[PDB]
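There are 2 protein chains.
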Amino acid sequence: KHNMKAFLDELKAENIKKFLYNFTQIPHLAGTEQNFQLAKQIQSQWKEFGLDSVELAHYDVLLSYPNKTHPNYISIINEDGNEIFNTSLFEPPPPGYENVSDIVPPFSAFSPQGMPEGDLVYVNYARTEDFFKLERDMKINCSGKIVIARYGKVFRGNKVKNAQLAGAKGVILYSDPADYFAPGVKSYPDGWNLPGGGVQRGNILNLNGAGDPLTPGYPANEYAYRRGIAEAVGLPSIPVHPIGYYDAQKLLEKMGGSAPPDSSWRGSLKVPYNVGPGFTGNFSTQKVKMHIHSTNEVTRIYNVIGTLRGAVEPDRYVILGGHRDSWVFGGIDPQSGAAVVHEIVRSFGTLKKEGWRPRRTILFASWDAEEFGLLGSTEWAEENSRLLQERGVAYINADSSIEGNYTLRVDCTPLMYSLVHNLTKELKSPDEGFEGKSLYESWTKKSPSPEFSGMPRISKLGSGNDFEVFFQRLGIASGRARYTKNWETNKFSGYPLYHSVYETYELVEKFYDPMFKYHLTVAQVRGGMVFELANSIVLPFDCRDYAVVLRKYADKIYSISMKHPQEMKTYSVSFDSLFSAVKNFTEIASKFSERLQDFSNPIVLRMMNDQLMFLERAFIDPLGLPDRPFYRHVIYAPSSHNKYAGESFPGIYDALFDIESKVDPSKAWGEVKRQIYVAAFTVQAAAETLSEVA
Amino acid sequence: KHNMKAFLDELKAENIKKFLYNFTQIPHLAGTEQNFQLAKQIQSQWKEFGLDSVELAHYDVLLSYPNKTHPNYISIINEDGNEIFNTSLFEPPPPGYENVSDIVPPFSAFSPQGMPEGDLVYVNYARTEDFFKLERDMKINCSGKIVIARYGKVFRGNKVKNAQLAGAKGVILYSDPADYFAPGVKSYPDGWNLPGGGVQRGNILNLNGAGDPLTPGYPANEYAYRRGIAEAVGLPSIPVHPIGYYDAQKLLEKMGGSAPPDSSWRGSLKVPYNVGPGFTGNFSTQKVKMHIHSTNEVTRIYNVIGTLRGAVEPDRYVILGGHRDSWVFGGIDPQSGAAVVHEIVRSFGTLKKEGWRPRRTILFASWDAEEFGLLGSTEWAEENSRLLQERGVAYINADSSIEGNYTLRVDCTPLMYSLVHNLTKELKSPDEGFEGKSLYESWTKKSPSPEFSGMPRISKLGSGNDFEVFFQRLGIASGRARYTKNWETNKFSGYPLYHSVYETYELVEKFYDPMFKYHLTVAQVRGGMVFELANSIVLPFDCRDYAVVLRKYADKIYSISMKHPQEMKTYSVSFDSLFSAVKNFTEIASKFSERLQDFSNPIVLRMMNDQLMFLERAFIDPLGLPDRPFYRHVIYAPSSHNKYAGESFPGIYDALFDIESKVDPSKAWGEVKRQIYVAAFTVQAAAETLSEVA
Ligand SMILES: *[C@@H]1O[C@H](CO)[C@@H](O[C@@H]2O[C@H](CO)[C@@H](O[C@@H]3O[C@H](CO)[C@@H](O)[C@H](O[C@H]4O[C@H](CO)[C@@H](O)[C@H](O)[C@@H]4O)[C@@H]3O)[C@H](O)[C@H]2NC(C)=O)[C@H](O)[C@H]1NC(C)=O
Ligand SMILES: *[C@@H]1O[C@H](CO)[C@@H](O[C@@H]2O[C@H](CO)[C@@H](O[C@@H]3O[C@H](CO)[C@@H](O)[C@H](O[C@H]4O[C@H](CO)[C@@H](O)[C@H](O)[C@@H]4O)[C@@H]3O)[C@H](O)[C@H]2NC(C)=O)[C@H](O)[C@H]1NC(C)=O
Ligand SMILES: CN(Cc1cnc2nc(N)nc(N)c2n1)c1ccc(C(=O)N[C@H](CCP(=O)(O)C[C@@H](CCC(=O)O)C(=O)O)C(=O)O)cc1
Ligand SMILES: CN(Cc1cnc2nc(N)nc(N)c2n1)c1ccc(C(=O)N[C@H](CCP(=O)(O)C[C@@H](CCC(=O)O)C(=O)O)C(=O)O)cc1
Ligand SMILES: *[C@@H]1O[C@H](CO)[C@@H](O[C@@H]2O[C@H](CO)[C@@H](O)[C@H](O)[C@H]2NC(C)=O)[C@H](O)[C@H]1NC(C)=O
Ligand SMILES: *[C@@H]1O[C@H](CO)[C@@H](O[C@@H]2O[C@H](CO)[C@@H](O)[C@H](O)[C@H]2NC(C)=O)[C@H](O)[C@H]1NC(C)=O
Ligand SMILES: *[C@@H]1O[C@H](CO)[C@@H](O[C@@H]2O[C@H](CO)[C@@H](O)[C@H](O)[C@H]2NC(C)=O)[C@H](O)[C@H]1NC(C)=O
Ligand SMILES: *[C@@H]1O[C@H](CO)[C@@H](O[C@@H]2O[C@H](CO)[C@@H](O)[C@H](O)[C@H]2NC(C)=O)[C@H](O)[C@H]1NC(C)=O
Ligand SMILES: *[C@@H]1O[C@H](CO)[C@@H](O)[C@H](O)[C@H]1NC(C)=O
Ligand SMILES: *[C@@H]1O[C@H](CO)[C@@H](O)[C@H](O)[C@H]1NC(C)=O
Ligand SMILES: *[C@@H]1O[C@H](CO)[C@@H](O)[C@H](O)[C@H]1NC(C)=O
Ligand SMILES: *[C@@H]1O[C@H](CO)[C@@H](O)[C@H](O)[C@H]1NC(C)=O
Ligand SMILES: *[C@@H]1O[C@H](CO)[C@@H](O)[C@H](O)[C@H]1NC(C)=O
Ligand SMILES: *[C@@H]1O[C@H](CO)[C@@H](O)[C@H](O)[C@H]1NC(C)=O
Ligand SMILES: *[C@@H]1O[C@H](CO)[C@@H](O)[C@H](O)[C@H]1NC(C)=O
Ligand SMILES: *[C@@H]1O[C@H](CO)[C@@H](O)[C@H](O)[C@H]1NC(C)=O
Ligand SMILES: [Ca+2]
Ligand SMILES: [Ca+2]
Ligand SMILES: [Cl-]
Ligand SMILES: [Cl-]
Ligand SMILES: [Zn+2]
Ligand SMILES: [Zn+2]
Ligand SMILES: [Zn+2]
Ligand SMILES: [Zn+2]
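In order, the protein sequence lines correspond to chains A and A'. A prime marks a further copy of an entry chain. Going left to right, the first sequence walks through residues 55 to 653, 656 to 750 as the deposited numbering numbers them. Going left to right, the second sequence walks through residues 55 to 653, 656 to 750 as the deposited numbering numbers them.
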């Protein structure tokens, strides 16, 4: 029999281990020859595994690289202009890789060039609230200063945007041991912690969903018209560079000016964490000087796109996609995900070779240039947007499979909650102490829902991964899953070795998942979701789950506004239309669910499957959110303060944010009311897609 | 048998005559009680005729009305401020209507209030090229002048926009006998010509597809947030008023300054048609003074929406819609169309009562507030956009059925050309001299295609009617048909009595269509198109016809650019990508047509019907055209110079228009190249929707 169990049983931990090893022996930086060779390898193997077609889709997009003969570094310079301390030119390579070529040195991708010299101000995590504290409470002015900020809490491009708007003339990013060194564990190679010489690479763009900076809205194909650099989307205006904590300690130790406002501003280094500006008395004539010489360059990138044609509904697409490009070896990010996708393709191909095909078409994607701004997935979606919006059932992301070894992490649309609950009840838990129990049981025990008894936590989608175009721009139901750490007992950010030269195959095999049992569990979750989406007769979406969350988010946004009762009275700000729309959605979703259960008629079925598929699509507003035309989903958008976090009712949330500081309250509360109207109308319009069609 | 012939045979000229009489005894101005009563009458009758549901959909939109106790008029004032001549306060009512109440006096809807006094400049038809001639060739400056312009050639809102940008402080519109008095025919009531006291009402907005000025993008429902008047879309900034040719002759006869530049500037009045500014020597101290006191007011409007549910594909909608509101009696516009829709609803309802249902759902619409800017249709489409874009098969408009008695006029998407040709070959011609011949035969003989032998002319859709939202914003295949005049042997504009108090039931019954045989023919064309769209197993669209026209339009836009060969060399402006995309579309459309002919499988069928339905949709760009976000179709938009005319490849056309006058040619030709890229990409993307789906 060819059923889900046959698919799941064919998946093997040992294959995922072999593929991970194969994908992480050399760097696969986007735009380099090594990453093109790996694309061609994956294309050939997916064909051998049995897919119907496998093509490369290429684009020419703006990338950024250091200059090999003019390296980036930061100095402390004395009054005579002598550089008395320089930061490192590269990370010390890990054992057995000290002769590997083409390791890109640490840099912030898309930084402009410059050699700014000035006094330092320490800005904590450079979040919106850190800058409010400096400017409004401490009266510290960053204008014309170099800011130094610790990584953590928010996407690094938001930190750079915040520093730019504060008037900074450069930004230094660093990894503090408070956020990247777990107590009691050793530094790589003897444990999974970040050494003092490790550095986190990463792009610092603020693209808001645009894709390639030069071609917003349209694929970067051979005849594309490109914006000039000065009109490009999302590029920073001040130089930026990242460093490790040995180098940060030398820049921070001399800091003077004001004390940190409180303990939340202190990391773990043996320094005062003074905010500045500048250095204490003895050193007050010393300054900090950046030297950034990286260049932006249009460069060819390659996505691999595999098709397994559907037997019954070939014009319905279920997409499993994840990136292939890495900053260095990508032992976790992305190759622990790419190895899982490769084994999933192999397992589906084994069924196909025995004569099976799924009901709907499955598309498999190996995206390029994700690390430079989600460029490969977004360009491909721009090229194929008409196919995707009329035919796209769901997108399942497949970046890193593990970021810890504690429990499952799922982030997805409410439409997939029931699918995930039911699938995880049928899968075995890999956790010690839960032998013979379901994954649902271990996950629910370790990560309880804040809202419901005997349910697990499932988070909102934010951004910072390749589902962004599919979900926030095109309104295709999307989800992701991986193994993660215990977020309670840990104060560190993500995993410590993120985007460092130390993130290797050995890291994973020695410290995260020696038996590859967590990778296998994640392959079962991602592949099982794909299987059910592509094979279930009725699409496995439950509209009633969206009704429940919409009420939660309406309660939340109303609570924010109700901190301003006098203004709500003055400007007649009512949420009644939004609660009415959510009540209607709840009633109509309940009636649709009864029909779906009570309806031999393939046209009633497809009609009803189209109602299910287009429900996520109904939350799209073609005019987009304010000043973010490519964030079109009215219920969810990446937070304006942190691309990695999702925000609910984002148009209303941003209209309310810091509203007490706005100079024209009547204008500000009028925009709150406009966003309430847009949200209530969109929820009611989405509800009406589930009414009887005529 | 219940087939198309049964439907067509049930239609009766005598019923259309009775309905026309019933709809034209009193005015039905939008927003008035009489128009609401007629909406309720139509709702009740459509229910009696047999529709499954019939509802009113209401909205509160900005309308405009004169002030009943402070009338609008224009004066000539002498140096002492005495008003020595006043224009009329109303049109002399026609025989037997001299006691009818609630006839709105002539006014330009949405004019601001004002009493500007100044010197006149005559600007011919106030087209873009008329203002170029005045400013660039004659060196006449309109700044601070009142302009007087003759109706004709272009939409009156474009004339007002052009006068505003020339610096005018007011506009007087008038009907010249050259354009509204056919030689050899008598004035109403003794013939169909415009009397000297007749005046053309009409709105002067420049909405570019937005709908209600106060709520662009969103329906004007009970909780809508409205823009303030100062931020409203499309309102004119200078006062405007229309007059008849007896009053125009008094304003024009004293004109001095420069002579008309040539004969194309002279109408038929016994005046010199001097351009001004101001009056000849003896009268040079006299001025013209407008007095406009109309007010804009949010007012409730009502669409009637009837549903005949489909038997097999109830979630596929074929829409037959036309407006109900009129300026006065609406004897032609719109009631000659509304009477045809009413008889079509009656005939479908007769089949339904005998047990028949069409394959797909048919929606019937009686739109409100069309005369004030397409407001009813656009608000309803904004409310229902998600249903329409996923389910809308086609929209057939049904405004005026007749504007002459000579031959058929059809304007539609290329997707419907084959449908129209085949249907008209099966219909009887009503024309004298073609007894026993098909409508196709008389139409082709009287209105030959410029391109093809033995084919009839079918024009592009422009705007200025209720299909605009469906076609240009949402990308739903649309078409319209009516009986029209001989455009060769006539120098007049549209029909002479347009938007005057004289456009009555008697006009139609005495002079246009005494036997109602042209109305019956138009009912057969519109109802037959609806029938075939709602009942054919395979949707009756031929993608190959789009391929043919795309080549014609690419040749045309290339020819425009090739007037500037030096700039095309300097800036490397190539149309190669656009011709490549059109070649690919032609090849892929041919292969799709073979599959459609070569494919018992209802899923292959619907898959292929969805490919046909979403083909028009594929030409939509979600980012819209430059500065016109609600014109989203890349192949067709209303002309930027004349809303009534369609323009092909509008983004490229507007980038090329008057390009030799642009101050920065590199920037201007860069925008030409960007628009070529957008057009080539959209054509290729639309082609790829017709490729095999996996
Ligand atoms: C949730 O679903 C319900 C339907 O179950 C839907 O109810 C609709 O609410 C609107 C109000 O937003 C109602 O609109 C009224 O319609 C009647 C005619 O049917 C009008 O006469 C009303 O206008 C009068 O009253 C107003 C309020 O005092 C005045 O402002 C106005 O000037 C008029 O005097 C009003 O337009 C509508 O009837 C119901 N439809 C029903 C019950 O079927 C509700 O809107 C949905 N929620 C959302 C957010 O869409
Ligand atoms: C019409 O349909 C055809 C397919 O039948 C489609 O053809 C495609 O054209 C593009 C060009 O726009 C081709 O792209 C090439 O792809 C190859 C790899 O397959 C690349 O190596 C090429 O790049 C090299 O050459 C360029 C030109 O000199 C250089 O600028 C570049 O730096 C590289 O040196 C280039 O990208 C593509 O292969 C074909 N696909 C086929 C034939 O299947 C055509 O684009 C369609 N028209 C439109 C408007 O879409
Ligand atoms: C800050 N929060 C929440 C958080 C983090 N750490 C914590 N610790 C404790 N102890 N406790 C906590 N409550 C906590 N909370 C985040 C941050 C990041 C992630 C995330 O998962 N990120 C990656 C990133 C994958 P990438 O590297 O390939 C994408 C790339 C480009 C992105 C782009 O350009 O758009 C980039 O980010 O540089 C992914 O999505 O897989 C999700 C949540
Ligand atoms: C100027 N060209 C071409 C033309 C006209 N007359 C000619 N004579 C000779 N002899 N020769 C010629 N070549 C010629 N050519 C036009 C102008 C108008 C039409 C048109 O058909 N118009 C109505 C208008 C219906 P409406 O009144 O209900 C819409 C309303 C609101 C519109 C809005 O706000 O968007 C308004 O226009 O005021 C319709 O579409 O049914 C189509 C072509
Ligand atoms: C990763 O695995 C691939 C696939 O097995 C290896 O590529 C093959 O290498 C052999 C020996 O060089 C060739 O004969 C095959 O043509 C290759 N197959 C391909 C490219 O599909 C590759 O060597 C492995 N890489 C590493 C680093 O182990
Ligand atoms: C998750 O599993 C539940 C429990 O089996 C499914 O809910 C049942 O669905 C069947 C089949 O339609 C109904 O007859 C039952 O009454 C449902 N039981 C309930 C609601 O407890 C549910 O549909 C599954 N969710 C999916 C497939 O998305
Ligand atoms: C237009 O026709 C309608 C429908 O026949 C007429 O309205 C009917 O009038 C009679 C007599 O007043 C009433 O008893 C019916 O209730 C009406 N039916 C409706 C409204 O559906 C109407 O009188 C006619 N109008 C004109 C001007 O002839
Ligand atoms: C218009 O009528 C023509 C002539 O009947 C139709 O074209 C024929 O379609 C049949 C049925 O598929 C084919 O077998 C013939 O070979 C076609 N003949 C041709 C192209 O001359 C055409 O499809 C009709 N158009 C519609 C319904 O939109
Ligand atoms: C890199 O630096 C070298 C050495 O100074 C220089 O010659 C070259 O221009 C730079 N390359 C760039 C800017 O791409
Ligand atoms: C830092 O590098 C600069 C540039 O090469 C050099 O002049 C300086 O001597 C270095 N300083 C130290 C302390 O190594
Ligand atoms: C910050 O510093 C600069 C002085 O160089 C000044 O332009 C800016 O207005 C200051 N902002 C304050 C004090 O808020
Ligand atoms: C794996 O789990 C063990 C046991 O809880 C823990 O002590 C160890 O730190 C974990 N490894 C990683 C990399 O999280
Ligand atoms: C109409 O004019 C009258 C008479 O002067 C005036 O009282 C009233 O304000 C006007 N109505 C309006 C502006 O709606
Ligand atoms: C024009 O109307 C104004 C306003 O009522 C009046 O003062 C004037 O006498 C009228 N002029 C003529 C010539 O009728
Ligand atoms: C038109 O007239 C006004 C003078 O009042 C002036 O402001 C404007 O620049 C003139 N334009 C010309 C002469 O082009
Ligand atoms: C109707 O047709 C006749 C015969 O061609 C023509 O002379 C007459 O003017 C037409 N009526 C109208 C209103 O066009
Ligand atoms: Ca792009
Ligand atoms: Ca609106
Ligand atoms: Cl992921
Ligand atoms: Cl029409
Ligand atoms: Zn990643
Ligand atoms: Zn990464
Ligand atoms: Zn009309
Ligand atoms: Zn009209």
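C-beta atoms are modelled at their ideal positions from N, C-alpha and C, and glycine is treated no differently.
What does residue i touch in chain A' if you count any residue whose Cβ is under 8 Å from its own?
i: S631(A); result: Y277
i: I659(A); result: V366, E367, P658, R662
Please list the partners that residue i has in chain A', where partner means a Cβ-to-Cβ separation under 7 Å.
i: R210(A); result: Those within 7 Å of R210(A) in chain A' number zero; the least Cβ separation is about 29 Å.
State buried or exposed for residue i, treating a residue as buried only when at least 16 other CB atoms are found within 10 Å of its CB.
i: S626(A); result: exposed
i: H124(A'); result: exposed
i: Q578(A); result: buried
i: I138(A); result: exposed
i: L105(A'); result: buried
i: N69(A); result: buried
Using a C-beta to C-beta distance shorter than 9 Å, which residues of chain A' count as neighbours of residue i?
i: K729(A); result: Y279
Look at the alpha carbon of residue i and the alpha carbon of residue j, and state the distance between them as a whole number of angstroms.
i: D714(A); j: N275(A'); result: 30 Å
i: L681(A); j: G263(A); result: 11 Å
i: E367(A); j: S98(A); result: 26 Å
i: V474(A'); j: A588(A'); result: 15 Å
i: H345(A); j: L289(A); result: 18 Å
i: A365(A); j: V660(A'); result: 11 Å
i: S483(A'); j: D465(A'); result: 19 Å
Mind listing the chain A neighbours of residue i? Cutoff is C-beta to C-beta under 7 Å, in chain order.
i: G271(A'); result: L679
Which residues of chain A have a Cβ atom closer than 8 Å to the Cβ of residue i, listed in chain order?
i: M622(A'); result: Here the premise fails: no neighbours, minimum Cβ distance about 15 Å.
i: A735(A'); result: None at all; the shortest Cβ gap to chain A is about 11 Å.
Using the DSSP secondary-structure output, state which residues sit across from residue i in a beta bridge.
i: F333(A'); result: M309(A')
TODO: Check whether the stretch 414-423 of chain A' touches the stretch 350-363 of chain A', counting contact only when three or more Cβ pairs, one atom from each stretch, lie closer than 8 Å.
DONE: yes
TODO: May I ask you to verify whether the stretch 626-637 of chain A' touches the stretch 665-674 of chain A', counting CB pairs closer than 8 Å and requiring at least 3?
DONE: no
- [ ] Count the C-beta pairs between the stretch 379-394 of chain A and the stretch 438-455 of chain A that are closer than 8 Å, then say yes if the count reaches three, no if not.
- [x] yes
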